[PDB]
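Residue-level structure breakdown
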Amino acid sequence: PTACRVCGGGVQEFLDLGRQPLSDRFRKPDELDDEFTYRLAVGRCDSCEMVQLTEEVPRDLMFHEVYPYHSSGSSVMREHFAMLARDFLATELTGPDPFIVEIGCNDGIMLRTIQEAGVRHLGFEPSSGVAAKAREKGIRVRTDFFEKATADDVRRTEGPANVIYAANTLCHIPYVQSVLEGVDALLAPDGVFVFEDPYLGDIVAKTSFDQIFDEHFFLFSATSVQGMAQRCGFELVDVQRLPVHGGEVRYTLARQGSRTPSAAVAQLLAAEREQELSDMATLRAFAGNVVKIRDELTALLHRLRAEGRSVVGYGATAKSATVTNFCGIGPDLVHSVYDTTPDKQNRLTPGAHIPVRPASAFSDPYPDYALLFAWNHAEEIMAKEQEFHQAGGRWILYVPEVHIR
Ligand SMILES: Nc1ncnc2c1ncn2[C@@H]1O[C@H](CSCC[C@H](N)C(=O)O)[C@@H](O)[C@H]1O
Ligand SMILES: Cc1cn([C@H]2C[C@H](O)[C@@H](COP(=O)(O)OP(=O)(O)O)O2)c(=O)[nH]c1=O
Ligand SMILES: [Zn+2]
């Protein structure tokens, strides 16, 4: 049995996705076929209800000099983070000399707006190649992990932060207690720690098991985040559901008692309770539906091949490593994957070794079908790929069900 990373409680497994590769490792075709693998399985703590993986991948295996995800590759996300930055400039960052720290700034998708407002800030970005892209934009960035000690160092030299923000980062960090002790050291007494990450309620409702992989250690809910804050000196004082990345919640933590929670917190807590979101039976039902999607997806991809139809994929997502490796889906069924990220092109996907080609290569003559791994970006991708569909090309989705359209 594994100990909960939040409270030390016991974690009960409910889904085992088997042996998996690093999701963001893209190999050159000529590289030795040797990969780090680990067991990906997910459990729920008995005491605090935190849904979490049962085996940690060490941070430095995932995040380092060549980490390939470039946030600013999606226009929807550029706009989503610009808007969030302007909202913070209008509310939490209005004093004399405000200071915002972002955990996991990546290429500077959010902090660019803060920098262009002349607000003092610092991005933590331990993946140095994307850090350098943020620094090219004028952003102040430290190429370190946020944790207790690096938070203390920033408090020492920069003073308190009015906002600490983390998007698609806190749930990557098993050492969430260290991060919380760092937020406690660094946050102003009237500041907020705000984070947004894939939401358990969405994962369960959409059976989007691809949101489960090495970099998503936690699948947060309002119930577990409320517990986590409380256990650590903070309080959950707002929630906002976001449509990005398949469904997220943005959580606002304050020092306990310093602000009164919005009605939104209790409403979401009560909906989670009402729908038995984190009950083990629900979480098992979700696991059973994950297997049903596997079996339906592979039967379709097999039938397409038997009927002489070409199939490729669209989006070399981190997410897709779970799909191809759990389902057994390799270049015999999905010939290539198209992606706009230069450092993933002319590479093979992890585990399954499907070749990745630039999206500019997805063009007449089109394949019959494209398996949409970037299904959280459907609207943005399809708007750019209307010629494909007008030609008769069709999308295969596996969220929330296997279907073609
Ligand atoms: N302890 C830590 N502190 C700060 N950044 C971290 C971290 N562990 C991982 N990261 C960074 O967290 C990032 C997660 S990817 C998400 C990036 C971006 N905020 C977005 O929403 O698109 C990677 O860039 C990774 O290097
Ligand atoms: C929005 C968009 C993304 N992509 C690619 C870039 C990324 O490698 C991938 C989308 O990944 P994303 O869904 O953002 O994250 P993850 O890697 O966590 O699953 O799809 C395109 O090729 N075209 C596009 O229009
Ligand atoms: Zn716990």
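To start, this report covers the structure provided alongside it. (Residues numbered from 1 in each chain as written, not as in the entry; some residues may be left out. Chains lettered and ligands numbered in written order. Heavy atoms only, no water.)

**Observations concerning the site of ligand 1**
If you check the shell around ligand 1, you find 20 residues, and the closest are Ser71, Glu125, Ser127, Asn168 and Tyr175. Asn106 places a side-chain nitrogen or oxygen 3.4 Å from an oxygen atom of ligand 1. Summarising the interface, the protein chains cover 98% of the accessible area of ligand 1, which totals 570 Å² for the free molecule. The residue inventory of the shell around ligand 1, partitioned by class, reads 12 nonpolar, seven polar and one charged. (Near = heavy atom within 4 Å. Polar contact = N/O pair within 3.5 Å; in protein donor to acceptor, adjacent residues only side chain to side chain. Areas by Shrake-Rupley, 256 points an atom, 1.4 Å probe, with all protein chains shown as cover. Nonpolar A, V, L, I, M, F, W, Y, C, P; charged D, E, K, R; others polar.)

**Quick look at the site of ligand 2**
In the region of ligand 2, 18 residues are neighbours, and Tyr69, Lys319, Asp339, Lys344 and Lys384 sit closest. Residue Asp339 places a side-chain N or O atom 2.7 Å away from an oxygen atom belonging to ligand 2. Here the shell around ligand 2 takes three residues from helix α12 (residues 378-384), the largest share from any one element. Within the shell around ligand 2, the residues separate by chemical class into six nonpolar, seven polar and five charged. (Helix = DSSP H or I, 4+ residues; strand = E, 2+ residues; numbered from the N terminus.)

**Focus: the coordination of the zinc ion (ligand 3)**
Coordination of the zinc ion (ligand 3) by the protein is provided by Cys4 (SG), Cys7 (SG), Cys45 (SG) and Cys48 (SG), with metal-donor distances spanning 2.3 to 2.4 Å. For the zinc ion (ligand 3), the four donor atoms in the first shell make angles of 97 to 119 degrees at the metal, a pattern classed as tetrahedral. For the zinc ion (ligand 3), all donor residues lie on one chain, and their spacing in sequence is C-x2-C-x37-C-x2-C. In this pair, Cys4 is assigned in the loop between β1 (2-3) and β2 (10-21) and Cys45 in strand β3 (residues 37-45), connecting sequence segments 41 residues apart. Accessibility classification places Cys4 together with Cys45 in one group, the buried group. (Donors = N, O, S within 2.8 Å, 3.2 Å for Na, K, Ca; no water. Tetrahedral: all angles 85-135°; square planar, octahedral: opposite > 155°, others 65-115°. Buried < 20%, exposed > 50% of the residue type's maximum accessible area, 1.4 Å probe, protein only.)

**So, the state of the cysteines**
Tallying each qualifying case throughout the model produces zero disulfides. No disulfide involves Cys232; its sulfur sits 9.7 Å from that of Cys48, the nearest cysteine. Look at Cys232 and you get partly exposed, because its relative accessible area is 24%. (Disulfide = S-S within 2.5 Å.)

Nothing here speaks to function; it is geometry throughout.
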